[PDB]
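*Asks:* Pasting a structure below so you can have a look.
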Amino acid sequence: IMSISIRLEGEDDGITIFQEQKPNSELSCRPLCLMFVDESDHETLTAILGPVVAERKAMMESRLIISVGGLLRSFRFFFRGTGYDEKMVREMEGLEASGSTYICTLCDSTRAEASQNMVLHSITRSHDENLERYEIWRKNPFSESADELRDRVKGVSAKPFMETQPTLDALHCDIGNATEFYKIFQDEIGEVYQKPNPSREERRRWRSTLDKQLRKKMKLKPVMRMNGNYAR
Amino acid sequence: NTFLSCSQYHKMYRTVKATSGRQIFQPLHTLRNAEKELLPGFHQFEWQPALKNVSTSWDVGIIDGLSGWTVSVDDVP
Amino acid sequence: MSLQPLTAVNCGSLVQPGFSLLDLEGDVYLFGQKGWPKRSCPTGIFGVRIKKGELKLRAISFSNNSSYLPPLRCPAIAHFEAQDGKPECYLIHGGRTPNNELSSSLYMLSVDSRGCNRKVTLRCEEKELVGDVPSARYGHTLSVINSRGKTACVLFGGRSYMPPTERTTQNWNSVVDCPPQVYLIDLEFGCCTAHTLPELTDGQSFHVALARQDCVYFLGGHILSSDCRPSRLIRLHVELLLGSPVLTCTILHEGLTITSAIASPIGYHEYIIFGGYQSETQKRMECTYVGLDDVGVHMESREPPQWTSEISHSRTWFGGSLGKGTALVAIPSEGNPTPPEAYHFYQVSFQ
Ligand SMILES: [Ca+2]
Ligand SMILES: [Zn+2]
């Protein structure tokens, strides 16, 4: 339960009554289903989770009456679906997985066109129009090629079945950036734009001298994968 | 909140009771019966309108997650 | 009548207990891969090759004029025989998607070109069906018939989820036999027509069928309401006395007590039938041959090849018809470590 606000009776764009303070530490995380299945096989996961999806879709409209503090009161609900790994994000979203070319989850540009310009994109993705694009895929009303339709319809290939607001996972949010700065420095030791192809060990030798460099000043042992500590 | 077992609890309770003259730790069956209110499926409520294709009961507790599969081994088990 | 064990070369995580095999023009194709289509094959349909016991799977492509088919699980297959207009087609409908929603949408598959290098291009057309539509279901049976001389198709059997009246989120994964009305499907157009018969007491499922010369036979299967697997063979005869496809049927005395069988047509109307499960506990072990003609079913018990001790003692199994006396049986193997290729494949051959 993230937050409960008030509504009576005017505009009340927001009047927070209780906004949870520690929404991450598991002491506010109530479990509701458990299954001896694996994350991978779409089959059994859908087959069990279905009922919960039906409850989701049936709940958002009707309203609830609960006797609290002696008073019977009304209740409405929204739903913000966030807690999924990127693999599961695109799996519930039905999109391809995982090292595909439609990297974004809200814009629809591919790898390269996103590489050209970086900070000029508008948010488009939402569950409903992804459902729409999948329908266009299924009927295929223009007898297009495999890749031509794959591109025109933006890689939608499987009917998604749980509306989740595809928000960024704040958790990692840095490991790609950390190894990216790692690569920046590895190509800064070796003067790159004068020699566009480092060799097999020249790259590794540059990483080695960089590693003993940061061992000299900041004293960080050679690391394999940029977990939280080294990245920070 | 400290993962203590159940027969654990009763032995501990025997101890504290027999030790110093007082009933400090509530016994077992009253513990369970007092707890039973906190689980889901206890408090009557109502829904306006009634939900779509959802049961009318409000007392049912832990539902088996199988969701009523015809165990017939001809289909996917 | 003998088995030879094979070895799963690769792509071993792409077969599931429910699947189908389309046998046509040499190269045969597996349909019904578990999980949504991977990028390695946006088609999903695979071409199966056997070479010195090696079972390889290549990613068949599509046409451009083709629509794209989700990997349906247990549809009703029907070999629409090579004739006018466009030979030769496979009718598929309708199974249930990997997400448990059912199709209720007929599909028809054909071949386009080859190779140039052994490559068999395919196309998959949806044929819209109006009516008086058949309901969404699975495990049912579809077949083709030809009456003086126009050709139509027949659908019967199948279970389904509880209709959205008492479909409750605790019974949300229970099934019930569809109301036993056979449906009659014209391919052009899909002006489907429902029909009944007071001999259609109650509809069973998983019952392999056999049609020939505008007369069909429905063999043993499984019904749930009575929990029995009755042994009453059924026959029906239709006549396209336009504009009415007037129908009758007939009980027979002996129908085998078998479910989910592996049907390999060998001859003209000679079908070697393996049979999956005798009863809901004991698997069917032996074999069967069935001839048919205007006389009727001619049963016979051929030589059951001695199944290996492992497959003999396994609980369950499945498979498909490799066609022409050859067939494939797959057994879920229990052992550590799960490779994850926990499936053993035997190629079985008659004569
Ligand atoms: Ca994960
Ligand atoms: Zn974007």
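Within each chain, counting starts at residue 1; across the structure tokens, chains are named A, B, ... in the order shown, with ligands numbered 1 upward in that order.
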Show me which residues sit within 10 Å of ligand 1 when counting only C-alpha atoms and all ligand atoms, and put them as a ChimeraX atom specification.

*Replies:* /A:39,84-88

*Asks:* Please find the residues contacting ligand 2 at a distance of at most 9 Å between atoms, with only C-alpha atoms and all ligand atoms counted, and report them as JSON, numbers by chain.

*Replies:* {"A": [103, 104, 105, 106, 107, 108, 109, 114, 120, 121, 122, 123, 124, 125]}

*Asks:* Using only C-alpha atoms, what table do you get, as CSV, when you list each residue of chain A with an atom no more than 7 Å from chain C, its nearest pair of atoms, and their distance in Å rounded to one decimal, rows by chain then rising number?

*Replies:*
```
residue,atom,partner,partner_atom,distance
A:41,CA,C:35,CA,6.7
A:42,CA,C:35,CA,5.8
A:43,CA,C:98,CA,5.5
A:46,CA,C:99,CA,5.7
A:47,CA,C:100,CA,6.2
A:51,CA,C:169,CA,5.3
A:138,CA,C:68,CA,5.5
A:139,CA,C:67,CA,6.0
A:140,CA,C:67,CA,5.4
A:143,CA,C:65,CA,4.3
A:144,CA,C:64,CA,5.3
A:145,CA,C:64,CA,4.7
A:146,CA,C:64,CA,7.0
A:158,CA,C:36,CA,6.5
```

*Asks:* Write out the residues from the selection above, keeping N, CA and C atoms, as an mmCIF file, in the first residue's frame.

*Replies:*
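In the end it all went to again12.cif:
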```
data_model
loop_
_atom_site.group_PDB
_atom_site.id
_atom_site.type_symbol
_atom_site.label_atom_id
_atom_site.label_comp_id
_atom_site.auth_asym_id
_atom_site.auth_seq_id
_atom_site.Cartn_x
_atom_site.Cartn_y
_atom_site.Cartn_z
ATOM 1 N N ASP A 41 9.286 -20.360 -18.021
ATOM 2 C CA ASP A 41 8.258 -20.975 -18.856
ATOM 3 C C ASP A 41 6.941 -20.237 -18.740
ATOM 4 N N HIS A 42 6.676 -19.412 -19.742
ATOM 5 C CA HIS A 42 5.492 -18.583 -19.811
ATOM 6 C C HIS A 42 4.241 -19.388 -19.484
ATOM 7 N N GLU A 43 4.267 -20.674 -19.830
ATOM 8 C CA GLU A 43 3.093 -21.523 -19.723
ATOM 9 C C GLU A 43 2.497 -21.558 -18.328
ATOM 10 N N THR A 46 1.578 -18.041 -16.580
ATOM 11 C CA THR A 46 0.284 -17.498 -16.988
ATOM 12 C C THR A 46 -0.848 -18.338 -16.421
ATOM 13 N N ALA A 47 -0.730 -19.662 -16.558
ATOM 14 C CA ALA A 47 -1.802 -20.568 -16.170
ATOM 15 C C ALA A 47 -2.210 -20.391 -14.718
ATOM 16 N N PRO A 51 -6.089 -15.824 -12.771
ATOM 17 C CA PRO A 51 -7.072 -15.331 -11.788
ATOM 18 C C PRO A 51 -6.735 -13.980 -11.176
ATOM 19 N N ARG A 138 -1.151 -9.650 -35.843
ATOM 20 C CA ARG A 138 -1.888 -10.897 -36.032
ATOM 21 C C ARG A 138 -2.656 -10.895 -37.344
ATOM 22 N N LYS A 139 -3.462 -9.856 -37.577
ATOM 23 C CA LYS A 139 -4.212 -9.804 -38.830
ATOM 24 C C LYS A 139 -3.297 -9.569 -40.027
ATOM 25 N N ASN A 140 -2.242 -8.776 -39.853
ATOM 26 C CA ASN A 140 -1.279 -8.473 -40.905
ATOM 27 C C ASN A 140 -2.000 -7.981 -42.166
ATOM 28 N N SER A 143 0.072 -7.750 -45.921
ATOM 29 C CA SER A 143 0.876 -8.796 -46.570
ATOM 30 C C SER A 143 2.349 -8.403 -46.676
ATOM 31 N N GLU A 144 2.859 -7.754 -45.635
ATOM 32 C CA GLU A 144 4.218 -7.246 -45.648
ATOM 33 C C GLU A 144 5.204 -8.390 -45.411
ATOM 34 N N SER A 145 6.492 -8.073 -45.486
ATOM 35 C CA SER A 145 7.517 -9.064 -45.208
ATOM 36 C C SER A 145 7.579 -9.334 -43.709
ATOM 37 N N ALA A 146 8.416 -10.298 -43.337
ATOM 38 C CA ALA A 146 8.672 -10.571 -41.933
ATOM 39 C C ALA A 146 9.274 -9.348 -41.246
ATOM 40 N N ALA A 158 3.876 -10.736 -29.305
ATOM 41 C CA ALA A 158 3.143 -11.612 -28.406
ATOM 42 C C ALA A 158 2.132 -10.796 -27.621
#
```

*Asks:* Out of B:58, B:67, B:73, B:51, which residue has the shortest atom-to-atom distance to residue A:57 when counting only C-alpha atoms?

*Replies:* B:51

*Asks:* Going by DSSP on the backbone, which bits of stretch 19-189 of chain A are helix (DSSP H, G or I)? Write them as number ranges by chain, please.

*Replies:* A: 26-28, 42-59, 86-92, 111-116, 127-139, 146-152, 175-189

*Asks:* Which residues are close to residue B:27, i.e. within 8 Å by only C-alpha atoms, leaving aside same-chain residues fewer than 4 positions away? Reply as a PyMOL selection string.

*Replies:* chain B and resi 10+13+31

*Asks:* Per DSSP on the backbone, what are the strand (DSSP E or B) residues of stretch 208-294 of chain C, as a PyMOL selection string?

*Replies:* chain C and resi 209-212+215-218+222+234-241+244-251+259+263-265+270-273+277+283+288-292

*Asks:* Distance cut-off 9 Å, counting only C-alpha atoms - which residues of chain B neighbour chain A? Return them as a ChimeraX atom specification.

*Replies:* /B:43-54,65-67

*Asks:* Residues at most 7 Å from stretch 133-149 of chain C, counting only C-alpha atoms, excluding those fewer than 4 positions away in the same chain, as a ChimeraX atom specification?

*Replies:* /C:74-78,80,94-96,102-104,129,153-160,183,192,205-206,208-209,211-214,239-240

*Asks:* Quick check: residues of chain C within 10 Å of chain B, only C-alpha atoms, returned as a ChimeraX atom specification.

*Replies:* /C:16-18,74,139,164-176,206,222,224,227,259-260,276-277,279-281,283,315-318

*Asks:* The selected residues should be written to file as a JSON list (two decimals), in the first residue's frame (atoms: N, CA and C atoms).

*Replies:*
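Okay, this is what ended up in again14.json:
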```
[["chain", "number", "residue", "atom", "x", "y", "z"],
["C", 16, "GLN", "N", 6.78, -29.77, -26.40],
["C", 16, "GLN", "CA", 5.94, -29.85, -25.23],
["C", 16, "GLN", "C", 4.97, -31.01, -25.39],
["C", 17, "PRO", "N", 4.45, -31.54, -24.28],
["C", 17, "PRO", "CA", 3.52, -32.67, -24.36],
["C", 17, "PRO", "C", 2.37, -32.49, -25.36],
["C", 18, "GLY", "N", 1.83, -31.28, -25.51],
["C", 18, "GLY", "CA", 0.85, -31.01, -26.53],
["C", 18, "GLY", "C", 1.49, -30.33, -27.72],
["C", 74, "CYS", "N", -3.33, -27.35, -28.64],
["C", 74, "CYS", "CA", -4.05, -28.57, -28.99],
["C", 74, "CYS", "C", -5.24, -28.23, -29.87],
["C", 139, "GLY", "N", -8.95, -29.77, -27.93],
["C", 139, "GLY", "CA", -9.04, -31.21, -27.95],
["C", 139, "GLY", "C", -10.12, -31.79, -28.83],
["C", 164, "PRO", "N", -18.82, -17.18, -19.38],
["C", 164, "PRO", "CA", -18.62, -16.03, -18.49],
["C", 164, "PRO", "C", -19.89, -15.65, -17.76],
["C", 165, "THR", "N", -20.53, -16.65, -17.16],
["C", 165, "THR", "CA", -21.67, -16.46, -16.29],
["C", 165, "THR", "C", -21.32, -16.84, -14.86],
["C", 166, "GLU", "N", -20.84, -18.06, -14.66],
["C", 166, "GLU", "CA", -20.32, -18.50, -13.37],
["C", 166, "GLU", "C", -18.83, -18.81, -13.45],
["C", 167, "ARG", "N", -18.13, -18.26, -14.44],
["C", 167, "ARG", "CA", -16.69, -18.47, -14.54],
["C", 167, "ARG", "C", -16.07, -17.70, -13.38],
["C", 168, "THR", "N", -15.77, -18.42, -12.30],
["C", 168, "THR", "CA", -15.38, -17.82, -11.04],
["C", 168, "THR", "C", -13.88, -17.98, -10.84],
["C", 169, "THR", "N", -13.28, -17.00, -10.22],
["C", 169, "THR", "CA", -11.84, -16.91, -10.11],
["C", 169, "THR", "C", -11.22, -17.91, -9.14],
["C", 170, "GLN", "N", -11.97, -18.90, -8.67],
["C", 170, "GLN", "CA", -11.42, -20.04, -7.98],
["C", 170, "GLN", "C", -11.62, -21.32, -8.78],
["C", 171, "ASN", "N", -12.63, -21.36, -9.64],
["C", 171, "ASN", "CA", -12.79, -22.40, -10.65],
["C", 171, "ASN", "C", -12.29, -21.96, -12.02],
["C", 172, "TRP", "N", -11.56, -20.84, -12.08],
["C", 172, "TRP", "CA", -11.22, -20.18, -13.32],
["C", 172, "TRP", "C", -10.40, -21.06, -14.26],
["C", 173, "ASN", "N", -9.91, -22.22, -13.80],
["C", 173, "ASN", "CA", -9.14, -23.16, -14.61],
["C", 173, "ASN", "C", -9.77, -24.54, -14.60],
["C", 174, "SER", "N", -11.09, -24.60, -14.59],
["C", 174, "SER", "CA", -11.81, -25.85, -14.76],
["C", 174, "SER", "C", -12.43, -25.87, -16.16],
["C", 175, "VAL", "N", -12.79, -27.08, -16.59],
["C", 175, "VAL", "CA", -13.30, -27.28, -17.93],
["C", 175, "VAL", "C", -14.62, -28.04, -17.84],
["C", 176, "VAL", "N", -15.34, -28.02, -18.95],
["C", 176, "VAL", "CA", -16.61, -28.72, -19.08],
["C", 176, "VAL", "C", -16.81, -29.01, -20.55],
["C", 206, "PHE", "N", -10.83, -35.70, -26.85],
["C", 206, "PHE", "CA", -9.57, -36.41, -27.04],
["C", 206, "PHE", "C", -9.74, -37.65, -27.92],
["C", 222, "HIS", "N", -12.70, -39.79, -24.06],
["C", 222, "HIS", "CA", -12.85, -39.59, -22.63],
["C", 222, "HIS", "C", -13.91, -38.53, -22.39],
["C", 224, "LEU", "N", -16.15, -36.59, -19.05],
["C", 224, "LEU", "CA", -15.92, -36.27, -17.64],
["C", 224, "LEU", "C", -17.18, -36.34, -16.78],
["C", 227, "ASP", "N", -17.47, -39.47, -15.88],
["C", 227, "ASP", "CA", -16.12, -39.89, -15.52],
["C", 227, "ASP", "C", -15.70, -41.20, -16.19],
["C", 259, "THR", "N", -7.35, -43.08, -25.61],
["C", 259, "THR", "CA", -7.36, -41.63, -25.61],
["C", 259, "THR", "C", -6.04, -41.12, -26.18],
["C", 260, "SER", "N", -6.10, -40.01, -26.92],
["C", 260, "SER", "CA", -4.92, -39.29, -27.39],
["C", 260, "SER", "C", -3.95, -40.22, -28.15],
["C", 276, "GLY", "N", -2.76, -43.53, -26.81],
["C", 276, "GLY", "CA", -1.96, -42.95, -25.76],
["C", 276, "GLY", "C", -2.20, -43.61, -24.41],
["C", 277, "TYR", "N", -3.44, -43.57, -23.94],
["C", 277, "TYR", "CA", -3.75, -43.97, -22.58],
["C", 277, "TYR", "C", -4.99, -44.85, -22.59],
["C", 279, "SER", "N", -6.71, -46.15, -19.65],
["C", 279, "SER", "CA", -7.54, -45.51, -18.63],
["C", 279, "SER", "C", -6.74, -44.40, -17.97],
["C", 280, "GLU", "N", -7.42, -43.62, -17.11],
["C", 280, "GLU", "CA", -6.85, -42.40, -16.54],
["C", 280, "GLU", "C", -5.70, -42.69, -15.58],
["C", 281, "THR", "N", -5.43, -43.96, -15.34],
["C", 281, "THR", "CA", -4.27, -44.38, -14.56],
["C", 281, "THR", "C", -3.27, -45.16, -15.40],
["C", 283, "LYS", "N", -1.50, -46.29, -18.71],
["C", 283, "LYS", "CA", -1.30, -45.93, -20.11],
["C", 283, "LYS", "C", -1.64, -47.11, -21.00],
["C", 315, "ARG", "N", 5.11, -43.36, -16.41],
["C", 315, "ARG", "CA", 3.68, -43.15, -16.24],
["C", 315, "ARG", "C", 3.02, -42.75, -17.55],
["C", 316, "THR", "N", 3.46, -41.63, -18.12],
["C", 316, "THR", "CA", 2.79, -41.00, -19.24],
["C", 316, "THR", "C", 3.77, -40.77, -20.38],
["C", 317, "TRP", "N", 3.22, -40.31, -21.51],
["C", 317, "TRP", "CA", 4.00, -40.02, -22.70],
["C", 317, "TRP", "C", 3.11, -39.37, -23.75],
["C", 318, "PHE", "N", 3.68, -39.06, -24.90],
["C", 318, "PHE", "CA", 2.92, -38.47, -26.00],
["C", 318, "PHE", "C", 3.66, -38.74, -27.30]]
```

*Asks:* With distances taken over only C-alpha atoms, which of C:29, C:274, C:107, C:350 is nearest to residue C:324?

*Replies:*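 Distance minimum relative to residue C:324 lands on C:350.
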
*Asks:* For residue A:16, please output as a PDB file with N, CA, C and O atoms, in the first residue's frame all residues within 10 Å (counting only C-alpha atoms; exclusion window: fewer than 2 positions along the same chain).

*Replies:*
```
ATOM      1  N   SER A   3       0.154   4.740  -0.782  1.00  0.00           N
ATOM      2  CA  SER A   3      -0.356   5.974  -0.198  1.00  0.00           C
ATOM      3  C   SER A   3      -1.884   5.973  -0.231  1.00  0.00           C
ATOM      4  O   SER A   3      -2.497   5.397  -1.134  1.00  0.00           O
ATOM      5  N   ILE A   4      -2.486   6.610   0.774  1.00  0.00           N
ATOM      6  CA  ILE A   4      -3.924   6.875   0.825  1.00  0.00           C
ATOM      7  C   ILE A   4      -4.116   8.377   1.009  1.00  0.00           C
ATOM      8  O   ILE A   4      -3.510   8.979   1.905  1.00  0.00           O
ATOM      9  N   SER A   5      -4.939   8.984   0.147  1.00  0.00           N
ATOM     10  CA  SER A   5      -5.226  10.422   0.151  1.00  0.00           C
ATOM     11  C   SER A   5      -6.721  10.651   0.363  1.00  0.00           C
ATOM     12  O   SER A   5      -7.497   9.718   0.599  1.00  0.00           O
ATOM     13  N   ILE A   6      -7.130  11.914   0.262  1.00  0.00           N
ATOM     14  CA  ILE A   6      -8.521  12.284   0.466  1.00  0.00           C
ATOM     15  C   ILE A   6      -9.066  12.919  -0.804  1.00  0.00           C
ATOM     16  O   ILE A   6      -8.325  13.398  -1.664  1.00  0.00           O
ATOM     17  N   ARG A   7     -10.394  12.923  -0.897  1.00  0.00           N
ATOM     18  CA  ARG A   7     -11.090  13.403  -2.083  1.00  0.00           C
ATOM     19  C   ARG A   7     -12.254  14.345  -1.791  1.00  0.00           C
ATOM     20  O   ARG A   7     -12.554  15.195  -2.636  1.00  0.00           O
ATOM     21  N   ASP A  12      -9.339  18.889  -4.779  1.00  0.00           N
ATOM     22  CA  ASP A  12      -8.461  17.974  -4.036  1.00  0.00           C
ATOM     23  C   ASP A  12      -7.483  17.244  -4.955  1.00  0.00           C
ATOM     24  O   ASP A  12      -7.386  16.016  -4.960  1.00  0.00           O
ATOM     25  N   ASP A  13      -6.749  18.028  -5.750  1.00  0.00           N
ATOM     26  CA  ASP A  13      -5.726  17.454  -6.618  1.00  0.00           C
ATOM     27  C   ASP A  13      -4.776  16.544  -5.847  1.00  0.00           C
ATOM     28  O   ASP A  13      -4.256  15.571  -6.406  1.00  0.00           O
ATOM     29  N   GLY A  14      -4.544  16.839  -4.569  1.00  0.00           N
ATOM     30  CA  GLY A  14      -3.840  15.926  -3.692  1.00  0.00           C
ATOM     31  C   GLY A  14      -3.834  16.364  -2.242  1.00  0.00           C
ATOM     32  O   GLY A  14      -3.368  17.459  -1.916  1.00  0.00           O
ATOM     33  N   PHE A  18      -1.904   9.365   4.330  1.00  0.00           N
ATOM     34  CA  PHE A  18      -0.804   8.526   4.800  1.00  0.00           C
ATOM     35  C   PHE A  18       0.022   8.128   3.589  1.00  0.00           C
ATOM     36  O   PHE A  18      -0.466   7.412   2.710  1.00  0.00           O
ATOM     37  N   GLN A  19       1.261   8.595   3.545  1.00  0.00           N
ATOM     38  CA  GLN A  19       2.216   8.214   2.520  1.00  0.00           C
ATOM     39  C   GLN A  19       3.293   7.380   3.199  1.00  0.00           C
ATOM     40  O   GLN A  19       3.943   7.848   4.139  1.00  0.00           O
TER      41      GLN A  19
END
```

*Asks:* When you look at stretch 38-40 of chain B with a cut-off of 9 Å (counting only C-alpha atoms), what residues show up, excluding the ones that are within fewer than 3 positions of it in the same chain? I need them as a ChimeraX atom specification.

*Replies:* /B:34-35,43,59-62
